[PDB]
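Chains as they are written, first to last, in the entry's author numbering: chain C, 12 to 142; chain C', 12 to 279; chain C'', 12 to 279; chain B, 1 to 238; chain B', 1 to 238; chain A, 107 to 258; chain A', 1 to 258; chain D, 14 to 38, 63 to 72; chain D', 14 to 38, 63 to 72. A prime marks a further copy of an entry chain.
Positions of the beta carbon are idealized from the N, C-alpha and C atoms, including for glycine.
Report on the following structure.
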Amino acid sequence: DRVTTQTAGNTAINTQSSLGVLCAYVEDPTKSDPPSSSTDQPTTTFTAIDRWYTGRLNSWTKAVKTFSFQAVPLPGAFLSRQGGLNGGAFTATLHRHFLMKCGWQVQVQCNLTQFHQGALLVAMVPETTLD
Amino acid sequence: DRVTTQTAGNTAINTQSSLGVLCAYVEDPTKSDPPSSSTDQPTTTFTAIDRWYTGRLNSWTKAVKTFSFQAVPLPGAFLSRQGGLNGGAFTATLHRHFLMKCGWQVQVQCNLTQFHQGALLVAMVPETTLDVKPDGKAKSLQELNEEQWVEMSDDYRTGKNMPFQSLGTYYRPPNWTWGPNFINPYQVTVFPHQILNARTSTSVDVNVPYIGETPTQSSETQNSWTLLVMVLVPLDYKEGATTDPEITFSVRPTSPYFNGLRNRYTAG
Amino acid sequence: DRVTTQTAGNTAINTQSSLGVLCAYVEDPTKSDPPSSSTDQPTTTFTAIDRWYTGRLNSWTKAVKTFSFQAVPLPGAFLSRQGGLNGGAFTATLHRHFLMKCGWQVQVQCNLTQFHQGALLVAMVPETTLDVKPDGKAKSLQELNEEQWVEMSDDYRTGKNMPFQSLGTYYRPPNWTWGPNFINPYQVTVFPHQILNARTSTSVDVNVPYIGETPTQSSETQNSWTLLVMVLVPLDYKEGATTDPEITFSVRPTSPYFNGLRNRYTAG
Amino acid sequence: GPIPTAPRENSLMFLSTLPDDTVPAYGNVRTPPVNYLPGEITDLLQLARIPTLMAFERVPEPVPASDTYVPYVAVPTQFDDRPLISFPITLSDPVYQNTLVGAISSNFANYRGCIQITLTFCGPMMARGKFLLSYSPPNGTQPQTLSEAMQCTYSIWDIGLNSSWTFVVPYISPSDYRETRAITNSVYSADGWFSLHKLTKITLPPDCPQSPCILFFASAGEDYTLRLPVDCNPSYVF
Amino acid sequence: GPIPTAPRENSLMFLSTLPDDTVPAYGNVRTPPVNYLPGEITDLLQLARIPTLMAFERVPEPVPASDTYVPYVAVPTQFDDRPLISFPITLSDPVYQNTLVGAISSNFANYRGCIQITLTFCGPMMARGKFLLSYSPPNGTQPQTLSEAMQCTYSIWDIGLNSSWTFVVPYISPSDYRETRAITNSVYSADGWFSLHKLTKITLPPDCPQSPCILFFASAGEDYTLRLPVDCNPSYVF
Amino acid sequence: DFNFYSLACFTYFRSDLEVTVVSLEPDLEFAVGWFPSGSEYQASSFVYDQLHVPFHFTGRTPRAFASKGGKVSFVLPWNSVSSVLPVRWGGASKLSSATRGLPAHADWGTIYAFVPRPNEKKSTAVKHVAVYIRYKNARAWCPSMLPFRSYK
Amino acid sequence: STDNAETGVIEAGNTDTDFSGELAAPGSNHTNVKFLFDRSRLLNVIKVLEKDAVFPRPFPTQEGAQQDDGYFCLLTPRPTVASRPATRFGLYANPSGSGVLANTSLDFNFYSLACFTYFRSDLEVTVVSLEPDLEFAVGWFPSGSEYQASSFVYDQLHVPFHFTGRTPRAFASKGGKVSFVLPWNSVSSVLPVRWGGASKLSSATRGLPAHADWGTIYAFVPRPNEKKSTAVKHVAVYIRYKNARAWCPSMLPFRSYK
Amino acid sequence: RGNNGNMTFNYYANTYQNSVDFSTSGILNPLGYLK
Amino acid sequence: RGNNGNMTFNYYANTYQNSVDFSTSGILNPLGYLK
């Protein structure tokens, strides 16, 4: 079951080497209540923000030492357009609302093949000022 | 029942001289289907665009002649920020979608009182190119400030001044005489309308659904509904009364469907 | 299920990269009736012609351009012994019967591996005169060895070079421009086909029934099915890899009907 | 008695598209039946659904001859923030000109439904990489940036065991039907752009060949429909 | 066998108003349906019933330009025993020329039913007054006196909380239908006169503006009917 | 169509269209060629027996040959990509350099009249043809204005 | 979605396969084979016989042959030359030279949408005069038949035998038109759009089918041979395919990018 | 009904004599209401 | 059906208006299958 094509809105991303989806720290990070601390009607999801957004990181090289890292803040990368991560309607909604609550689905791609060795740790780390 | 406070989202607008809400051409312009001509999932309504937006028109004066008018294109006033009509999340959604379908709720306020006479015709008029100059370019806010009211004359009665393609040097230039985007000024009361008479009310209500040549239309170019405020009886008063009463308007979109999600619009 | 060994008679061919068998244009090209247009008893199948026959094509190289192709006419390759395709009892039955009706099972093998890139389109294409020179005579094996691949150009795209009757000295010689036996090279994937990609497989399977303008056709002249092997992506590799990979093909006839038993064919 | 009749004004007119039969001259003819022959074509959309090769120019700038059009786009190692290939969704464009979808549809005035673009990676099995395939709605300027492609309808395609990706171009139109041929280049005929961006670079072990190629197919979706047959273009015969 | 037929003398005649269909050339065409679009107009009398503005000259005698026609009549303070405004009930008269009732009806030969005249007082709320609205049958001389208007069909309209008065002109005709256009100015085309008289003067507290205005609308009653469509007047295009 | 705008009086219109073609020249043999909305004229000729035969004599779209002094009559469906025809229009067809109020496909197609004879047969005398249209199953939406009538 | 195009089968996908959406509703069926080809189109332009013809000889025709070119029309979508079936289509780009200009014909509308290998239909034939007020008649003979090339004498007027016979003759009125539908008359089951075989065992041409036709038509004046003037008259041929059926999906012609 | 009188018999089918719209999945109405 | 609208009445018999083949003794099919 290494071939998985995950669909969200008008965007579908594909991989042929899927290790599965790490669901932490609940069995489904989409199962969630209206935020109890604000009494105005929330602006909920719609199909043009129910989609994936893709950005670029810097190239990995031989000269990159052990434990060297890149930090991508969320939603800060959308606000700063880090790595070309234009967020469209989602960023337009971010700049027009005082509060924001969401989870995240992330997938990182790196184009390795055979005759190469190395390992990359890809983690969602709360909470950082590394940016 | 002249006191009505109508609530939409986080915005509530109030009047104490309500004549009722003109519901044309269906019993409820909010009752409506997903647009059948696009198969992607539409971006439907949410509570931060389920609200009213308020803008300012130019002042009504004694010198404003009969049938002089102001044209407010919808959604074009949001795109152009005409009269300070910033649309926030709604305009941000407009610039990021190729298609847009909605109806409109409009209320126009003008602060009359006793010892004043005059009448304003407030109509939603499909379909107009009245926001565009005769050379084919849209009016800027400086030009809309300089008018200060569009005078009715031979042009705009016959459609002689509507935007056109020039034939070029190959053809004889024809005598342009008539066009279908005329205003017949005596007949503007066929449209969904109310009259802002100084005698009886300070505000009017018109409620219209989506209409079009297609079940959805392009967000950037459509002018399927236009808020037309036209003088029927000129202002008169004795000296000491309030000179230059102001005209404001409040606009709410109903049942919006957005299609073709893409990046923010940049002109060519 | 990539390991499949298909058995027919005394011959069994094996592959470990099977993409499946392309069954077009019926669910089974072996399901078929005695041909209704001949009333003599047909010579039906038996276990020494219920078998596979194997032949060799020319080597695929770096220098082979895009859409260059090899044409294998069926049953014409058996009649001409093209690529060493001796047909034994099947060819002996072909030369002794006036009519022949059958389908075909074909498998083409090419010995790719990793560190190579390229793609081969392998299609059964009805109906071709691609085995014939533009002068109207069929290609000899020396000429098929000298090509070594047929280059796509202006001719074979428009049908300009297909065999023709000359008009003679009585008429003006016309400018020949078009013919219906063209190859539109971008559209060859309409036919029953598979792609021999270097990435995923070393062999392909296509299974076709009998078709024709008549419910049976003459044994000597028919070209109702042609095995077309066409380059989509040229070969590339670094030095030290295997130069010049070979292309072999395996051909099996399905449900043969022979009519008009007579002596061995001698040309006029 | 003679039946009183009133012949209409269009009497004796020959109309080429008249939906009615004419008089038979040579009836009582039985043709040979067709039980044996398979592959019967009821509807031309059955062949429209079959993927066929698109066409692009091979490489800029110098080419030995301009006729060298090719069904694939080569992927160079060099990185610049522009798409590798892009073409408008306009069925009269040369990229569809020799596909079955373009050739069949060009003899019709209108289309409805989705175009299905199929990609095939023809490089070596050891190659690894990722591509972003993006469909843009019509705009005042065609998007070129990967950040701009990310804001549109997009899918990320991973190189791996399965070699192919079928990208369904969504049907986003103001009208129920769209024009096949862009005469005036209006919104009803040109439905934006499809673009290919590389997400990551293609990585290779040593002694792999450089610049692998992505093979392109165009095909009709299952909801695809054609309407109003028109006169053909006889340009192919000259 | 051939059916015996007798073609009539009017064979091959094209008749523009023929109540029959012709041969289809391009059938089997499905159009996009129209579920979404509201405001469907079944009958033009639905727009005839909608009130629209009449037209009169503003003031006698000097005017800057004669094109200054106005949808209201100003009410002066001066008293003289003549009506403020009067117009014939004749649907080709210029007072109906740019109303929807006159414009729709002018393309028809005959009408039946009542015309509904709607008045609107646009003066200040502090104004008080009374008006006599009178419809006169046809006569050898048009009535001008308030005593003569009182002898006709009349209603007294009071200025107060409700600003508008709908005056239904009664249908009093010798024939069942009436001519839209007064060619010969007969009794069948000109149905008398409507007139406005002031009953009392309009009274104002000080600092009110002088000369308030009455806004005029023309509209079709619920019994209004039109018959026999005729050729249009193309005068508007020149 | 002066008769249409004298009673439109509405914003949107849809109907089928009966087309009738009448020659203004006596005893003319002529034929009618039609191509739908969004289509175009095929502008070339082919040679038969050294006579140039134009391609508009044929095609998949309806061709109607009148007799000598005859008439042509047929009804056409609503063929547009659009739902209805806009009587008046405020939008724009393109995003750039378009003209406001000019719809692109508010039509039932285009017709033309041609002599059914090759290009070699020609004389200088120009001949004329009148076009008649009739609206079948007409429906209307969105009540609107009627044109201004001048008081001069 | 992920696929393998090397399979040869690709499932026709929808918007909802990868993204959020739904199927576009069907609204037309004009790609139906029985609907599409059932429309009339110009086949060929032939000259009108005013005398008993001599049928064109088979190829290669040599010098001095006395024959009447340009009068006979094969009812074929396939290309023809000199009223005989052809493989390559030919045309003439320049006037200058010496020799006979052979008539050639095609159905461009058919090959623009064939797109298939085998075809069978009945054939409505419509015959329209290019000359005004012409009185003319249409003679047809089926596939495998031939023209009867002689005349008989009535009252010292030579009357050609093609005025009669068992095959259909249709007399048009003065300025009238001829229309009739023909059955599939071949010995073959279907018409090959493209063909790879050979008709003979010796000296045949590959790709030239012998009986891929609905017969041959010709136009003639219904007057004897003594009534003749020098002015040549012309007739256009229209064909319509009735109850069209197709088999074996195939290619569409190459479109040049110049 | 429309301007049609020959009601007895129709020779051509409805989908050839007229268009019909595709599926997606007197007494007069007033053009305006007051609340 | 085909491009035919006059469905109500046929004057000539089927074997005269069309050919028929002699006896010997929508939803779309896919043109290819995988095993």
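Rounded separation between B':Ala-190 and B':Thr-180 - CA only = 9 Å
8 Å Cβ cutoff, D:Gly-63 in contact with chain C' | no
C-alpha gap between C':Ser-70 and C':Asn-218, whole angstroms | 24 Å
Name, please, each residue of chain D whose Cβ falls closer than 7 Å to the Cβ of A':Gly-27.
-> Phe-35
Residues of chain A' with a CB under 8 Å from the CB of C:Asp-61: which are they?
-> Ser-20
From what residue to what residue does the alpha helix (DSSP H) around C'':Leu-155 run?
-> 152-157
Which one of B':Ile-50, B':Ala-25, B':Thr-22 and B':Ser-16 has the shortest CA to CA distance from B':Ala-218?
-> B':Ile-50
At least three beta-carbon pairs within less than 8 Å, the region 131-149 of chain C' to the region 234-246 of chain C' | yes
Give, in chain order, every residue of the region 157-169 of chain B whose Cβ lies closer than 8 Å to some Cβ of chain C.
-> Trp-157, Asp-158, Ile-159, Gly-160, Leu-161, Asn-162 and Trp-165
For the region 2-30 of chain B, which residues have a beta carbon sitting closer than 9 Å to at least one beta carbon of chain B'?
-> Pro-2, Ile-3, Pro-4, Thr-5, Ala-6, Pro-7, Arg-8, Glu-9, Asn-10, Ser-11, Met-13, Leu-15, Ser-16, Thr-17, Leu-18, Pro-19 and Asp-20
So, helix, strand or coil for C'':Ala-82, using DSSP?
-> strand
Ignore the nearest five residues each way along the sequence and tell me which others in A':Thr-76's own chain have a CB closer than 6 Å to its CB.
-> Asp-213
Among C'':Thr-41, C'':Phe-260, C'':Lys-42 and C'':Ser-48, which one has its Cα closest to the Cα of B:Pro-33?
-> C'':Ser-48
With 16 as the cutoff for other CB atoms within 10 Å, does B':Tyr-72 come out buried or exposed?
-> buried
For B':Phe-194: DSSP bridge partner residues | B':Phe-87 and B':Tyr-135
Can you tell me which of C':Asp-39, C':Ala-59 and C':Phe-202 puts its alpha carbon nearest to the alpha carbon of C':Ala-19?
-> C':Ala-59
Pull up the DSSP beta-bridge partners for A':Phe-110, would you.
-> Paired residue(s): none; A':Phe-110 is not in a bridge.
CB contact check: D':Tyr-70 to chain A', cutoff 8 Å | yes
Could you tell me if A':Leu-43 is buried or exposed, where buried requires 16 or more neighbouring beta carbons within 10 angstroms of its beta carbon?
-> buried
For the region 192-267 of chain C', which segments carrying the beta strand (DSSP E) assignment without a break, of at least 3 residues, lie completely within its bounds, in sequence order?
-> 204-208, 214-219 and 236-247
Have a look at the DSSP bridge pairing and note the partners of B:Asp-176.
-> Answer is none; B:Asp-176 lacks a bridge partner.
What does B':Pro-32 touch in chain B if you count any residue whose Cβ is under 8 Å from its own?
-> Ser-175, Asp-176 and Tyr-177
Thinking D':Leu-68 and B:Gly-39 are a contact (beta carbons under 8 Å), I'd like their distance in whole angstroms, please.
-> 7 Å
For B:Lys-201, does the three-state DSSP call read helix, strand or coil?
-> strand
Cβ pair count under 8 Å reaching 3, the region 242-257 of chain C'' against the region 121-141 of chain C'' | yes
Give a yes or no on contact between the region 256-273 of chain C' and the region 48-57 of chain C', applying the rule of three or more CB pairs nearer than 8 Å.
-> yes
With a threshold of 16 other CB atoms inside 10 Å of the CB of C':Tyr-182, please say whether the residue is buried or exposed.
-> exposed
Kindly say whether A':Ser-143, judged by its beta-carbon, lies nearer than 8 Å to any beta-carbon of chain B.
-> no
Tell me, which residues are paired with A:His-158 by DSSP?
-> A:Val-153
A':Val-81 CB to nearest heavy atom of the ligand ZN below 7 Å | Ligands displayed in this structure: none; no statement on the ligand ZN is therefore possible.
Between the Cα of B':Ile-115 and those of B':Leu-15, B':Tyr-171 and B':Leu-199, spot the shortest distance and give me the residue it belongs to.
-> B':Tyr-171
Chain-ordered chain B contacts of C:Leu-96 [CB-CB under 9 Å] = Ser-147 and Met-150
Quick one: is C':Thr-16 buried, meaning 16 or more other Cβ sit within 10 Å of its Cβ, or exposed?
-> exposed
Kindly identify the DSSP beta-bridge partner or partners of B':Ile-3.
-> According to DSSP, B':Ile-3 bridges with nothing at all.
Any C-beta of chain B under 8 Å from that of C':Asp-51 | yes
Please list, in chain order, all residues of the same chain as C:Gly-98 whose beta carbon is under 6 Å from its beta carbon, the five residues on each side excluded.
-> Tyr-64 and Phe-89
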